[PDB]
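Chemist: Mind having a look at this structure? Questions to follow.
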Amino acid sequence: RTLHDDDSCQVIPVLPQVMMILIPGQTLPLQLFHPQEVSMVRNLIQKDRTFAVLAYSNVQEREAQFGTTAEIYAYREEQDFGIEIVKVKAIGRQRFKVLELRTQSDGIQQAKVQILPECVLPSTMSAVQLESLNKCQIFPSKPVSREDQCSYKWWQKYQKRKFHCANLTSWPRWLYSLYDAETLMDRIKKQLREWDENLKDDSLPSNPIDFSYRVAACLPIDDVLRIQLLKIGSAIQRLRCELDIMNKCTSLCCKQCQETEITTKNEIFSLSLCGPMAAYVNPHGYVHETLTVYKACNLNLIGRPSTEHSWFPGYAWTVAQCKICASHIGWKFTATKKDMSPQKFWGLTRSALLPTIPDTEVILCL
Amino acid sequence: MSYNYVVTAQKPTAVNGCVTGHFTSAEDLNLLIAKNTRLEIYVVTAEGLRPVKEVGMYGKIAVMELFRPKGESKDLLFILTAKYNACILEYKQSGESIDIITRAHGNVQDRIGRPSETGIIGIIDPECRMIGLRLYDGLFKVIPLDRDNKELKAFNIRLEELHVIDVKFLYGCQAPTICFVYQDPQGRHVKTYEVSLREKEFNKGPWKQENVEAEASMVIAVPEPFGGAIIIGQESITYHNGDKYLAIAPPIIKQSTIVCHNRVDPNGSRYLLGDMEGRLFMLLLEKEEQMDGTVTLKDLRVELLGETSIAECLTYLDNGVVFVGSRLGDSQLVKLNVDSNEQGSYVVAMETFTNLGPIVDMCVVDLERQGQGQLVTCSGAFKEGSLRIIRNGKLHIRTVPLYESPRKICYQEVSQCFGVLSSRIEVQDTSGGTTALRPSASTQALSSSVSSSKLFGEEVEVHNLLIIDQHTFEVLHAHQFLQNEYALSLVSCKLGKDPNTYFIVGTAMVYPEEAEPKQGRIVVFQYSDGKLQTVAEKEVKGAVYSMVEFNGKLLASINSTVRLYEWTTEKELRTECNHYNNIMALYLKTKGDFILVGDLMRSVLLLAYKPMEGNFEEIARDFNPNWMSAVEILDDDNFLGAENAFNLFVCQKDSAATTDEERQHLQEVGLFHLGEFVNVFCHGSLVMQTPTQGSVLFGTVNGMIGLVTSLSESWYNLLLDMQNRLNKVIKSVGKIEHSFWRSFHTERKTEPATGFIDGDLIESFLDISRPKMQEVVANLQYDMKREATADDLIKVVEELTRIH
Amino acid sequence: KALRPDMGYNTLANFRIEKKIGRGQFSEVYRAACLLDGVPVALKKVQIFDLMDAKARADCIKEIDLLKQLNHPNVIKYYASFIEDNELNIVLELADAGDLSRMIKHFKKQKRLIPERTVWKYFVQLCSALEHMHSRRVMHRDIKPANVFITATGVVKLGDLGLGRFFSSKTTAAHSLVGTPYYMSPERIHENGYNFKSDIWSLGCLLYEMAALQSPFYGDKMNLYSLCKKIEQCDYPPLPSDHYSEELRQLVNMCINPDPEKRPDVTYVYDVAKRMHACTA
Ligand SMILES: O=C1CCN(c2cnc3cc(CNC(=O)[C@@H]4Cc5ccccc5CN4S(=O)(=O)Cc4ccccc4)ccn23)C(=O)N1
Ligand SMILES: Nc1ncnc2c1ncn2[C@@H]1O[C@H](COP(=O)(O)OP(=O)(O)O)[C@@H](O)[C@H]1O
Ligand SMILES: [Mg+2]
Ligand SMILES: [Zn+2]
C-alpha cells in the first residue's frame with residue numbers, strides 16, 4: 001500500500017497464466033489451486049503483498065513489454081475439497097516497463113521491471129499567468145454556486161477567468177479547455193452518468209491520474225485500446241483519448257467478425273453498484289467483465305435458461321453467441337417476475353467485443 | 001547532431017514589476033523596473049526619468065522589493081528569480097564605474113515542495129529583520145536579515161492554511177505580524193500571525209476577522225499612524241485593524257476587478273488602484289483629530305481619476321507623476337491633475353515607453369525593397385492592441401494603435417497591404433443586440449462589411465479581417481465574420497493556375513454547448529480596386545487551426561486531419577489527399593514536400609508529400625508529453641520548438657539509422673531555458689545579406705525578439721568552450737551560474753543545456769575589459785589549430801553581431 | 001481439476017463431459033459443457049493415431065483448419081480442434097434436439113408420409129449448406145439423415161462431415177461397405193477416391209428417403225451382392241406419383257444417375273428447391 005518510488009527497479013513475481021492487462025485501481029479476483037502459486041502468495045503476505053501482472057500484446061506469443069503491479073488487499077483460504085482453494089482479491093497500483101523475465105525452476109516467473117512515472121504537467125496558463133492575476137486566479141468555493149449550479153453558467157465563467165491569459169498566446173481560451181484536466185473530467189462525467197444513472201462524484205476520483213485509470217477500466221474497450229491507454233503517460237492525453245473513444249467508437253461489434261454490430265453506446269445502462277461493466281466470476285474461477293446493455297443485435301440463444309450461479313438474482317440467464325461466427329459474446333437475462341424492470345437485458349463479456357467507428361469512412365487522438 | 005545560436009535582437013520590453021525608494025543614494029529618489037530578465041535604474045527628476053544603469057540578470061525577476069537595514073546609508077534590493085534564486089544587491093559607484101554588487105545570494109528552492117496557485121509572494125518586515133517568502137502551500141519561509149547571512153540560511157514555519165490568497169507584514173506592530181486572506185470550503189477569511197524568530201512558531205496575532213468578500217484577493221499593509229490592512233476584492237474595499245472593520249461598495253468599481261496598487265503618501269493617506277480595463281482610481285484614507293489616538297481611520301473614499309494603459313503595476317514618483325508599469329501595452333508616466341478643487345481630478349499621459357509584448361504573430365516584409373528586412377508584429381491586447389514596424393538602421397520602431405486585440409498577420413505584395421485578423425469585445429446591449437466599448441480599427445475602417453453566408457451584459461468576442469495599407473497604415477477594409485465564428489488562421493498566397501494573390505481565412509464555429517469544434521470554414525478573399533471580395537467558401541467538419549501554401553496548393557489542419565486542396569480553374573477548393581493522425585494538428589510548417597505537425601502537448605510528427613502516391617507518408621514521430629507554444633523547420637532534418645517553462649528544443653531525424661523504429665523516431669538533440677514564452681517563429685533577417693546559415697526570428701509574450709541560426713560542429717565546440725571561459729570570468733548578478741540559468745527547466749526536472757549557444761553571453765566578450773579578454777582567451781585553441789588571440793576572436797564575435 | 005485459460009477451446013482441461021450422446025463407426029461424441037462460458041458443445045473424439053497413417057492424419061488436420069473457417073447457419077460450426085493424449089478432439093455446435101433420421105422413424109411409427117411442404121422446408125436449408133461448402137470446394141462425403149440435424153425451432157444443420165474417406169478394408173472380403181457413405185455411389189464401388197458428384201448422388205438419395213421414409217436401396221442392405229449390382233444399374237423403386245409432385249421426382253432421377261457428369265451441380269438443385277419451397281409455403 002506504501003507504493004514504489006518512480007523509475008525504481010523492482011524484482012516481483014509474475015503470477016502464471018494471468019493473460020490480462022491490469023489497470024491501476026482495477027480489482028483482480030483470482031482463484032489458485034496449485035500449491036506452488038498458493039505458497040508464493042503466502043510468502044507475499046509476509047512481505048509488501050505486491051506481484052506483477054503482464055500486459056501481453058500477443059496472446060499466442062509472450063510479447064510482454066508493459067505491465068501493472070498488483071497489491072493483495074484480501075486473502076481467503078478454503079479447505080472444502082482435498083485441494084486447498086485460495087481466492088485472493090488484488091488491486092493495481094503502478095505501471096512498469098519490463099526489463100527482464102526470469103522463469104524459475106518451479107514455473108513461477110520473476111520480472112525485474114522499472115516503475116514508470118506518472119507525467120504530472122502544470123496548468124498551461126502557469127507559464128503566462130500575470131502577477132496581477134495570480135491573486136485572483138483561485139476560484140471561490142461556495143455552496144451557493146459550486147453546488148446546485150446551472151453548469152452552463154459556471155463552466156463559462158471558469159473558462160473566462162482561468163484562461164484569461166490566452167490573449168497573450170497564439171490560441172483561444174476554448175482550445176486550452178480541450179487540454180484542461182477539470183474540463184475533460186467534467187465531459188467524461190457527463191457521458192458516464194448517461195450509462196451509470198445512479199452515479200455521483202463521491203465514487204469517481206478528484207485527481208486526473210486516478211480518474212483516467214478508473215475511466216479506462218469502466219470503458220468497454222478491447223485489449224488493443226487497453227494497452228494504448230496504459231502506454232500514454234500523461235493524464236491529459238489519456239483523458240483526451242478516453243473521451244475520443246466515447247465519442248467516435250460508439251459501435252460495439254463482435255471481435256471475431258469485426259463487421260457484425262452487437263450493440264451501441266446509447267444501449268449501455270447499469271444494474272450493479274460497480275457500474276455498467278462489472279467483473280463477475282463463474283463456478284470455475286473464470287472472470288468476465290460483463291457490460292449491461294438494454295438491447296443487443298445479431299445474437300442467438302443456445303440452450304435453455306438457468307438460475308444456478310445467476311449474477312443478477314431473479315433473472316434467468318441464457319447463453320448468447322454471434323449469429324454469424326457462433327463465438328460466445330454473452331448471456332441474455334430475462335426477468336422471472338412481471339413487475340421487475342427492465343423486462344429483458346444482455347450481459348456481454350469485454351473479451352468478445354471490439355469498439356468500432358459507426359459504418360462510414362477516423363483515428364483516435366491524444 | 002544539431003547546433004544552434006540564440007541571440008537577442010530586441011530585449012524584453014514588457015514590465016512585470018516596478019518599485020520606488022533610494023537605491024543609488026539616500027538623497028536620490030529611484031524608480032527600479034523589472035522587464036523579465038533586465039533591471040533598469042532611474043532617478044526621478046522634473047524632466048521625467050534620468051537613466052542610470054540597466055543590468056542583465058540571469059533569472060526571471062519574480063520578487064523585487066527595496067529595504068534599508070539599520071545602519072545602512074542607502075536601500076538594498078532583494079530579487080528572487082523564477083528558479084528561486086534569492087539575493088540582496090547594493091548599488092556601488094566609484095567615480096564613473098557603476099557596478100551592482102551581491103551582498104547575499106542563494107537558491108531557496110526547498111527539496112520537496114507544492115508550488116502555490118497564487119504564484120510566488122515575497123514580503124519584507126518593516127524593520128528589515130526578516131524576508132517572508134510564501135513559495136509553497138503550508139510553508140512560510142523566513143530568512144533572518146542578520147549581519148553575516150551571506151548564503152541566506154532559511155527556515156519554514158508550518159502554516160495550517162494551505163490555500164492562502166495574499167500575505168503582507170502589517171504596520172503598527174511592536175512584534176512582527178503577517179496578515180493574510182485564505183480560502184477554505186466554508187469561505188474566504190482574514191487571519192494574523194505573530195512571526196517569532198526565536199521560537200519559530202506562529203503565535204496568536206492581535207485579531208482575526210472571518211466572512212470576508214468571496215473575491216477578496218489583495219492585501220495592503222497600511223503604515224503608521226493608520227495601521228492595519230486594506231483588503232480589496234472585485235465589488236468592495238475593506239479595512240481591518242481589530243476593533244475597526246470598514247467596508248465600502250462604490251458603484252464606480254463594481255464593473256471591473258481591482259488588480260494592482262501603490263502607496264502615494266508614506267503615512268498611507270492616498271493610494272492608487274488599477275483595474276483590468278486600465279482605469280485608475282484613488283483610494284483616500286481620511287484621518288480624524290487626535291486627543292492621543294492618531295490610529296483612527298474616519299472614512300474611505302474612491303474617485304475615478306481617468307483611463308491609463310492596462311496596468312500590471314503602478315508607482316507614484318513626485319509632482320503627481322505616476323509610472324504605469326504596463327505588461328499588455330506601452331508603459332507610461334501620467335500626471336494626476338488633482339491640483340484644482342479635489343472634486344474633478346483628471347489624468348494626462350505625459351510619456352509613453354514602447355512595449356511590443358504580447359507578440360502574438362509576426363511577418364518579415366521589405367516595403368521599401370532595400371534588402372534590409374522589416375518585422376511587423378501583432379503586439380498588445382484589448383485597447384492596447386497595435387502593429388509595430390521594427391527596422392534596423394539602434395532598431396527604429398513605429399506604432400499603429402488598433403485599440404483591439406490583433407491575432408494574426410500576413411503580407412500581400414501585389415496589393416500593397418497587410419491582412420490582419422483582429423477581435424473586439426462588445427457587451428450585450430439593453431436592446432438585445434451588441435455595442436462596442438470604444439472606437440477601434442475594425443469599427444473606424446474606410447470600408448466595412450459582414451459575411452453574407454448562412455450555413456444582459458455578457459461580453460461577446462467579434463472577429464474581423466483588416467486590410468491595412470503598407471505605407472499610411474489606414475484600415476482600408478474590415479470584413480466582420482459570422483455570429484459564433486472564431487477566425488484562427490490567415491495566409492496570402494497564389495494557388496494553382498490563378499495569377500491573383502488571395503487572403504485565405506480559416507475559422508471554427510465556437511458554441512458554448514459544443515466542447516470541441518464540430519464545424520468551420522475556409523474563406524478565400526480577393527482585394528482589388530480598393531475593396532475585398534468573398535471569392536470562395538469551403539465548409540469543413542472542424543476547426544481550421546493552421547494553413548500554409550505548399551507547392552502552389554493550400555494545406556490546412558482540420559481538428560486532427562491534414563488536408564491538401566488544389567485550386568481548380570473553376571475557383572473552388574477541391575480535396576486532393578488527407579492524413580488522419582493520433583494528434584490534434586495545431587501547428588503546420590512546411591519546407592518543399594516535408595510537413596511538420598504539432599500539438600499543444602509536444603506530440604509532434606513529420607509527413608512527406610509523395611507525388612507518385614498522391615498521399616502523405618508518415619516519416620517520424622516524437623511524443624514527449626509537455627506544453628508548447630510554437631514550432632519551426634530549421635532544415636530537412638532539424639526542427640525547432642518551444643516548451644512549457646520558457647524552453648527551446650530541437651528534434652532531429654535520425655538519417656543514419658538502420659531500423660524503422662530508429663528512423664521513425666526524432667532524437668531530442670537540443671535543450672535550452674530561454675526565459676521567454678515564444679508565440680511565433682519566422683524565417684528572415686533584419687540585415688541585408690559567414691560562419692552562420694539560416695535566420696529564424698521569434699516573438700515572445702514579454703516583447704523580446706530573438707534570432708536562432710545553425711552552426712557547424714567546429715564553431716559550436718569553439719563557442720561552447722569560450723562560453724564556459726566567459727562564464728567563469730564574468731561577475732553574474734546575484735551569483736547565479738550561467739549553466740544553471742540556461743539549464744532546461746520544468747516543475748518535473750532541471751537538465752543541462754545542449755545543442756545551443758547563448759549569443760548574449762558570447763557578445764559580452766566585446767564588453768569586458770582588455771585584461772579580462774586576455775584571461776578568457778588564455779589557452780583557448782582556434783583554427784591548423786593555434787593559440788587564439790584577443791584580436792582574432794573579436795572579429796569572430798563582431799561577425800556574429802552583424803546578423804542582427 | 002486443471003484449468004488452463006490461455007488455451008481456451010483448444011484443451012480438455014477447459015471442458016467437463018456431462019454425458020455420452022453418440023458413437024459413430026470411427027468416432028465418439030459427448031455432450032460437454034465449456035467451463036469458461038457454459039456454451040453446450042459436442043466433444044467428438046477420433047482415434048486418428050490408432051488406424052489413420054501419417055498422410056491420412058495430415059490431410060484430415062489440414063481440412064479441419066479450413067472447416068473452422070466455414071461460416072453458414074445451416075452447418076455445424078467447428079469451434080476448435082486439438083491433439084491431446086493421442087486423440088483428435090473436435091469441438092462442435094451441439095444439436096441434441098434431434099435429426100432427420102429420428103423424424104423419418106417417428107413418421108414411420110405413425111404410418112404417415114412427411115408432407116411435401118415440410119420436405120422442401122428442410123431440403124432447401126440443406127441445399128444452402130451444400131451450396132456454400134461446394135463454393136469453397138469442400139466435400140461432405142457422408143450426407144445421411146443422421147447427419148442432418150434439426151433444432152427444436154425447426155432449423156436444419158448439416159454436420160459431422162464424413163471421415164470414411166480414409167478407407168482401407170484390410171480383410172480379404174468379396175464386397176466392402178466399411179468406410180463408405182450411407183448412400184454408396186456407383187463410382188465408389190471401384191474403391192476409387194471421392195468427388196463432388198458423390199455428394200449430389202447422396203443428396204438425391206436423401207430426398208428419396210425424405211419422401212418414401214426409406215433409403216432408395218432399402219431391403220437390399222441384407223444381401224450385398226444384389227445391392228452392389230443395383231447401385232450400378234440404378235435399380236431402385238421410383239417414388240409414387242400420387243403422393244409427390246413431378247418436379248420432386250424428376251430431380252431425384254437426375255441426381256441418381258450413373259455417369260457423374262450427367263448429375264446436375266448443386267447450383268441447379270438449390271435453385272429448384274428454392275422454387276418449390278416458395279410455392280408450397
Ligand atoms: O448468470 C450467469 C451467466 C452465465 N454464468 C457463467 C459464466 N461462465 C459459466 C460457465 C459455466 C460452466 N458450467 C456448466 O455449463 C455446467 C452446467 C451448469 C448450468 C448452469 C449453472 C451451472 C452449471 C455448472 N456446470 S457443471 O459442469 O459444473 C455441473 C455438471 C457436472 C457434471 C455433469 C453435468 C453438469 C456455467 C455458467 N457460467 C454464470 O456464472 N452466471
Ligand atoms: N455435432 C453433433 N451434435 C450433436 N450430436 C451429434 C453431433 N455429431 C454427431 N452427433 C451424434 O452422434 C451420433 C453419430 O455419431 P457420428 O460421429 O456423427 O457418426 P456417423 O456420422 O457415422 O453417424 C448420433 O447419435 C448423433 O446425433
Ligand atoms: Mg459423418
Ligand atoms: Zn461474430
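The chains in the C-alpha cells are called A, B, ... from first to last as shown; in each chain the residues are counted from 1, and the ligands are counted from 1 in the order shown.
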Could you build a table of the residues in chain C lying no more than 7 Å from chain A, giving for each the nearest pair of atoms and their separation in Å rounded to one decimal place, using only C-alpha atoms, ordered by chain and ascending residue number, as a tab-separated table?

Modeler:
```
residue	atom	partner	partner_atom	distance
C:6	CA	A:17	CA	6.4
C:35	CA	A:284	CA	6.5
C:36	CA	A:286	CA	6.2
C:39	CA	A:319	CA	6.4
C:40	CA	A:303	CA	7.0
C:71	CA	A:325	CA	6.4
```

Chemist: How would the residues just chosen look if you wrote them out with C-alpha atoms as a compact mmCIF listing (two decimals), in the first residue's frame?

Modeler:
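New file out39.txt:
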```
# COMPACT_ATOMS: atom_id res chain seq x y z
CA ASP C 6 -4.69 -19.31 -22.14
CA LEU C 35 -16.19 -24.45 -18.17
CA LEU C 36 -15.19 -20.94 -19.45
CA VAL C 39 -21.66 -22.94 -24.12
CA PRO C 40 -23.06 -26.51 -24.64
CA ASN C 71 -19.41 -19.73 -41.92
```

Chemist: What lies within 8 Å of stretch 174-186 of chain A using only C-alpha atoms, ignoring chain neighbours under 5 positions off, as a list in words?

Modeler: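 These residues fall inside the cut-off: residues 123, 124, 159, 163, 166, 208, 211, 235, 236, 237, 239, 240 and 243 of chain A; 515, 516 and 600 of chain B.
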
Chemist: Would you return as a VMD selection string the members of stretch 81-226 of chain A that DSSP assigns to strand (DSSP E or B) on this structure's backbone?

Modeler: chain A and resid 85 to 103 109 to 115 119

Chemist: Pick from C:281, C:72, C:50, C:247: nearest to ligand 4, with only C-alpha atoms and all ligand atoms counted?

Modeler: C:72

Chemist: Select, as a VMD selection string, those residues of chain B with any atom no more than 8 Å from chain A (distances computed using only C-alpha atoms).

Modeler: chain B and resid 16 117 to 119 165 to 166 183 to 188 214 to 215 217 to 218 259 to 260 312 to 313 358 to 361 381 405 407 488 512 to 513 515 to 516 560 580 to 584 600 625 to 627 629 644 to 646 677 679 to 680 701 747 to 748

Chemist: Pick out the residues sitting within 10 Å of residue C:18, and hand them over as a PDB file with C-alpha atoms, in the first residue's frame; count only C-alpha atoms, and ignore anything fewer than 5 positions along from it in its own chain.

Modeler:
```pdb
ATOM      1  CA  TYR C  30     -20.120 -36.479 -25.917  1.00  0.00           C
ATOM      2  CA  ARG C  31     -22.438 -33.707 -24.630  1.00  0.00           C
ATOM      3  CA  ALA C  32     -19.892 -31.468 -22.864  1.00  0.00           C
ATOM      4  CA  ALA C  33     -20.180 -28.098 -21.083  1.00  0.00           C
ATOM      5  CA  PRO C  40     -23.056 -26.509 -24.637  1.00  0.00           C
TER       6      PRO C  40
END
```

Chemist: Do you know which residues are within 10 Å of ligand 3 using only C-alpha atoms and all ligand atoms? Can you write them as a ChimeraX atom specification?

Modeler: /C:24-27,140-144,146-148,158-164,181-182

Chemist: Kindly save the residues from that selection, with N, CA, C and O atoms included, as an mmCIF file, in the first residue's frame.

Modeler:
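Result written to again_12.cif:
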```
data_model
loop_
_atom_site.group_PDB
_atom_site.id
_atom_site.type_symbol
_atom_site.label_atom_id
_atom_site.label_comp_id
_atom_site.auth_asym_id
_atom_site.auth_seq_id
_atom_site.Cartn_x
_atom_site.Cartn_y
_atom_site.Cartn_z
ATOM 1 N N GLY C 24 -20.095 -42.970 -33.500
ATOM 2 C CA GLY C 24 -20.040 -43.348 -34.905
ATOM 3 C C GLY C 24 -19.112 -44.529 -35.127
ATOM 4 O O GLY C 24 -18.502 -45.039 -34.180
ATOM 5 N N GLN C 25 -18.985 -44.979 -36.382
ATOM 6 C CA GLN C 25 -18.104 -46.101 -36.707
ATOM 7 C C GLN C 25 -16.640 -45.760 -36.387
ATOM 8 O O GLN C 25 -15.925 -46.609 -35.857
ATOM 9 N N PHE C 26 -16.212 -44.511 -36.660
ATOM 10 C CA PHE C 26 -14.842 -44.063 -36.395
ATOM 11 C C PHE C 26 -14.807 -42.869 -35.421
ATOM 12 O O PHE C 26 -13.846 -42.105 -35.471
ATOM 13 N N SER C 27 -15.808 -42.705 -34.525
ATOM 14 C CA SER C 27 -15.834 -41.543 -33.626
ATOM 15 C C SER C 27 -16.667 -41.755 -32.353
ATOM 16 O O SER C 27 -17.479 -42.674 -32.294
ATOM 17 N N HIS C 140 -18.637 -33.071 -48.308
ATOM 18 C CA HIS C 140 -19.169 -33.632 -47.066
ATOM 19 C C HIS C 140 -18.798 -35.113 -46.968
ATOM 20 O O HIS C 140 -18.361 -35.557 -45.910
ATOM 21 N N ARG C 141 -18.979 -35.873 -48.073
ATOM 22 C CA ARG C 141 -18.639 -37.297 -48.207
ATOM 23 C C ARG C 141 -19.532 -38.282 -47.432
ATOM 24 O O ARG C 141 -19.327 -39.485 -47.586
ATOM 25 N N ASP C 142 -20.501 -37.819 -46.621
ATOM 26 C CA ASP C 142 -21.388 -38.731 -45.890
ATOM 27 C C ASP C 142 -22.699 -38.025 -45.553
ATOM 28 O O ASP C 142 -23.033 -37.839 -44.383
ATOM 29 N N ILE C 143 -23.446 -37.640 -46.592
ATOM 30 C CA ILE C 143 -24.733 -36.975 -46.411
ATOM 31 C C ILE C 143 -25.740 -38.074 -46.109
ATOM 32 O O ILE C 143 -25.975 -38.929 -46.959
ATOM 33 N N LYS C 144 -26.292 -38.085 -44.892
ATOM 34 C CA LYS C 144 -27.269 -39.089 -44.483
ATOM 35 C C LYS C 144 -28.282 -38.498 -43.483
ATOM 36 O O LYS C 144 -27.989 -37.461 -42.885
ATOM 37 N N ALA C 146 -28.981 -39.075 -40.451
ATOM 38 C CA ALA C 146 -28.416 -38.914 -39.114
ATOM 39 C C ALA C 146 -27.585 -37.628 -39.001
ATOM 40 O O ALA C 146 -27.648 -36.963 -37.969
ATOM 41 N N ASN C 147 -26.818 -37.275 -40.050
ATOM 42 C CA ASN C 147 -26.007 -36.051 -40.055
ATOM 43 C C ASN C 147 -26.813 -34.774 -40.359
ATOM 44 O O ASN C 147 -26.262 -33.684 -40.227
ATOM 45 N N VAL C 148 -28.097 -34.886 -40.748
ATOM 46 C CA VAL C 148 -28.938 -33.715 -40.999
ATOM 47 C C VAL C 148 -29.683 -33.434 -39.693
ATOM 48 O O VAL C 148 -30.743 -34.006 -39.443
ATOM 49 N N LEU C 158 -26.391 -29.266 -41.176
ATOM 50 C CA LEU C 158 -25.583 -30.379 -41.675
ATOM 51 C C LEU C 158 -24.269 -30.375 -40.904
ATOM 52 O O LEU C 158 -23.636 -29.330 -40.805
ATOM 53 N N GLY C 159 -23.858 -31.524 -40.380
ATOM 54 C CA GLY C 159 -22.634 -31.607 -39.596
ATOM 55 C C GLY C 159 -21.920 -32.933 -39.656
ATOM 56 O O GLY C 159 -22.188 -33.745 -40.544
ATOM 57 N N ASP C 160 -20.985 -33.131 -38.699
ATOM 58 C CA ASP C 160 -20.160 -34.332 -38.531
ATOM 59 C C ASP C 160 -19.049 -34.424 -39.593
ATOM 60 O O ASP C 160 -17.875 -34.544 -39.237
ATOM 61 N N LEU C 161 -19.425 -34.361 -40.888
ATOM 62 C CA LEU C 161 -18.541 -34.442 -42.050
ATOM 63 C C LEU C 161 -17.838 -35.808 -42.135
ATOM 64 O O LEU C 161 -17.101 -36.188 -41.225
ATOM 65 N N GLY C 162 -18.103 -36.529 -43.224
ATOM 66 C CA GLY C 162 -17.605 -37.873 -43.477
ATOM 67 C C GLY C 162 -16.120 -38.114 -43.313
ATOM 68 O O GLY C 162 -15.309 -37.587 -44.080
ATOM 69 N N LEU C 163 -15.764 -38.958 -42.335
ATOM 70 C CA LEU C 163 -14.382 -39.363 -42.080
ATOM 71 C C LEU C 163 -14.003 -40.628 -42.879
ATOM 72 O O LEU C 163 -12.821 -40.819 -43.143
ATOM 73 N N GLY C 164 -14.992 -41.458 -43.251
ATOM 74 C CA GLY C 164 -14.819 -42.695 -44.009
ATOM 75 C C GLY C 164 -13.856 -42.672 -45.183
ATOM 76 O O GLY C 164 -13.331 -43.723 -45.550
ATOM 77 N N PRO C 181 -19.997 -44.002 -47.768
ATOM 78 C CA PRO C 181 -21.169 -43.258 -47.275
ATOM 79 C C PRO C 181 -22.437 -44.107 -47.163
ATOM 80 O O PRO C 181 -22.485 -45.232 -47.662
ATOM 81 N N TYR C 182 -23.465 -43.563 -46.491
ATOM 82 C CA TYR C 182 -24.765 -44.224 -46.292
ATOM 83 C C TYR C 182 -25.370 -44.609 -47.652
ATOM 84 O O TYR C 182 -25.847 -45.732 -47.816
#
```

Chemist: Taking 6 positions as the minimum chain separation for residues in the same chain, which residues sit within 12 Å of residue C:262 when counting only C-alpha atoms? Answer as an NGL selection string.

Modeler: :C and (197 or 200-201 or 253-256)

Chemist: How would the residues just picked look written out with N, CA, C and O atoms as a tab-separated table (two decimals), in the first residue's frame?

Modeler:
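Everything below was put into result.tsv:
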```
chain	number	residue	atom	x	y	z
C	197	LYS	N	-19.53	-34.96	-57.19
C	197	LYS	CA	-20.68	-35.64	-57.77
C	197	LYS	C	-21.22	-36.74	-56.84
C	197	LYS	O	-22.41	-37.03	-56.91
C	200	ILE	N	-23.82	-35.21	-54.68
C	200	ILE	CA	-25.06	-34.98	-55.41
C	200	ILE	C	-25.89	-36.28	-55.39
C	200	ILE	O	-27.10	-36.22	-55.17
C	201	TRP	N	-25.24	-37.44	-55.59
C	201	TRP	CA	-25.89	-38.74	-55.52
C	201	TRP	C	-26.48	-38.96	-54.12
C	201	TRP	O	-27.62	-39.40	-54.01
C	253	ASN	N	-34.41	-38.47	-59.97
C	253	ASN	CA	-33.89	-39.25	-61.11
C	253	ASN	C	-32.69	-38.59	-61.79
C	253	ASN	O	-31.83	-39.29	-62.33
C	254	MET	N	-32.62	-37.24	-61.80
C	254	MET	CA	-31.49	-36.52	-62.39
C	254	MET	C	-30.24	-36.68	-61.53
C	254	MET	O	-29.15	-36.91	-62.06
C	255	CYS	N	-30.39	-36.55	-60.20
C	255	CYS	CA	-29.29	-36.68	-59.25
C	255	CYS	C	-28.82	-38.13	-59.15
C	255	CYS	O	-27.62	-38.37	-59.05
C	256	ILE	N	-29.76	-39.09	-59.18
C	256	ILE	CA	-29.43	-40.51	-59.13
C	256	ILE	C	-29.24	-40.96	-60.59
C	256	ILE	O	-30.17	-41.44	-61.23
```

Chemist: Just the number, please: distance in Å from atom CA of residue B:494 to atom CA of residue B:595, one decimal.

Modeler: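 Taking atom CA of residue B:494 and atom CA of residue B:595, their separation equals 19.1 Å.
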
Chemist: What's around residue B:318 at 9 Å? Count only C-alpha atoms, leave out sequence neighbours fewer than 6 positions away in its own chain, and write the answer as a ChimeraX atom specification.

Modeler: /B:44-46

Chemist: Next, dump the selected residues to file, keeping only C-alpha atoms, as a PDB file, in the first residue's frame.

Modeler:
```pdb
ATOM      1  CA  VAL B  44      13.172  60.804 -10.503  1.00  0.00           C
ATOM      2  CA  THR B  45      13.575  64.372 -11.895  1.00  0.00           C
ATOM      3  CA  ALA B  46      11.255  67.189 -13.095  1.00  0.00           C
TER       4      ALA B  46
END
```

Chemist: Which residues, written as a PyMOL selection string, have at least one atom at most 6 Å from stretch 74-82 of chain B, with only C-alpha atoms counted and residues fewer than 3 positions away on the same chain left out?

Modeler: chain B and resi 22-23+25-26+59-68+85-90

Chemist: Residue B:755: which residues within 7 Å, counting only C-alpha atoms, same-chain residues fewer than 5 positions away excluded, as a list in words?

Modeler: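 Everything that qualifies: residues 2, 3, 4, 669, 670 and 671 of chain B.
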
Chemist: Once DSSP has gone over the backbone, tell me which residues of stretch 563-738 of chain B are in alpha helix (DSSP H), as a ChimeraX atom specification.

Modeler: /B:660-663,713-727,738

Chemist: As an exercise, work out the distance from atom CA of residue B:795 to atom CA of residue B:55 in Å and give it to one decimal place.

Modeler: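 Separation of atom CA of residue B:795 and atom CA of residue B:55: 25.1 Å.
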
Chemist: How many Å lie between atom CA of residue B:434 and atom CA of residue B:460, rounded to one decimal?

Modeler: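 Between these atoms lies a distance of 7.9 Å.
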